[PDB]
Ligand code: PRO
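Below sits a lone chain in structure tokens, taken as the form deposited without ligand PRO.
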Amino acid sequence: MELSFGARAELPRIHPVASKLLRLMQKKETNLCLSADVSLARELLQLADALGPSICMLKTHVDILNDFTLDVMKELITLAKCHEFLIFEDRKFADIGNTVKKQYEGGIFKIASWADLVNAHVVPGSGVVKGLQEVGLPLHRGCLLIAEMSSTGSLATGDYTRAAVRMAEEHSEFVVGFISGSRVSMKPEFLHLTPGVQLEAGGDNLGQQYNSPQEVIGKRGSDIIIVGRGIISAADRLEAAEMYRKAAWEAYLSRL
């Protein structure tokens, strides 16, 4: 039968980052990842503080922050420790191994110094994971591979998706799961995170497609919903966050 998050956290071959996430998910009754898609540091830290108790994870796009500094990220880490959530930088590493290693460790962002989780596209081959691993393994980090995408015309389907899964299984010391629209692996130690979620189905003007928490967690078997605009554009952001949390959590309970 379907394992609970608490059970999965204790699997022999589970990743320590994966274990930590699943424990705080069970403990807090949230499988909600906030997509903190804002342009100001103050807004990012405000969201993290106000919605931290409602989320298992906060997803960042630091390259969209007009006033990024490393001190902003240290402050985010303080909030993540206080409220108990993981920080996931949605960087979509997608280059040869030698390049991505530098993009993950260095530059002005120093991503590996603050992100628990990053993600990678599998299009370059497994060298992308090999490069990131050289930096992330010593720092006890995790990685998610992009197996499916939520946008219209996505090419992350069929054999491409299957390749994502194979790559993830061959690098289980570093890769802890997937960005996907559905359960793509049958190994329960892998996490499935799903963007393209709003309470009601719909989309945007630029190819985003939305499905309900019930659809993606209940019917499609994913673990975590990633929600941006459904929360951050709402008149009341905490109310929105709690609505998504309840919807996603009840849909998970329904699978048990």
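Counting begins at 1, following the sequence as shown. By rigid core we mean the largest C-alpha set that fits within 1.5 Å across both forms.
Superposing the other copies on the rigid core and comparing 82-90 to 96-104, farther C-alpha placement in 5 other deposited structures of this protein marks 96-104.
Looking at 193-201 and 223-231, the one farther from the shown form in 5 other deposited structures of this protein by average CA distance, after a rigid core fit, turns out to be 193-201.
Taking only CA atoms, the mean B-factor in the PDB entry is higher for 8-16 than for the other of 232-240 and 8-16. For the pair 163-171 and 146-154, the mean B factor over Cα atoms is greater in 163-171. Reading the B-factor column for the CA atoms of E29, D67, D63, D49 in the entry, the top value corresponds to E29. Across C33, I217, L44, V197, the greatest Cα temperature factor reported in the deposited entry is at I217. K74: CA B factor in the middle third of modelled residues in this chain (values from the PDB entry).
Split the chain's modelled residues into thirds by C-alpha temperature factor. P138 is in the highest one. Looking at the C-alpha B-factors along this chain, the one for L206 belongs to the middle third. In the PDB entry, a CA B factor belonging to the lowest third of its chain's modelled residues is recorded for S113. In this PDB entry, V123 carries a Cα temperature factor that places it within the lowest third of its chain's modelled residues.
Absent from the display: the form deposited with ligand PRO bound. The rest refers to it.
The site on this chain is blocked, since ligand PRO, superimposed from its pose in the entry with it bound on the surrounding C-alphas, has 3 or more atoms within 2.4 angstroms of backbone or C-beta atoms. Ligand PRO is not shown here, and in the entry with it bound it never comes within 4.5 Å of any heavy atom of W114. For the chain shown alone, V135 is a contact residue for ligand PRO in the entry with it bound, at least one non-hydrogen atom being within 4.5 angstroms.
Put simply, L139 is close to ligand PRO in the entry with it bound: some heavy atom of it is within 4.5 Å. Proximity of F109 to ligand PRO in the entry with it bound: non-hydrogen atoms within 4.5 Å are absent; the residue sits far from the partner. Of the candidate stretches 74-82, 126-134, 182-190, 159-167, only 126-134 contains residues with a heavy atom within 4.5 Å of ligand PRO in the entry with it bound. The single residue of 156-191 lying near ligand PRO in the entry with it bound is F174, the criterion being any heavy atom within 4.5 Å.
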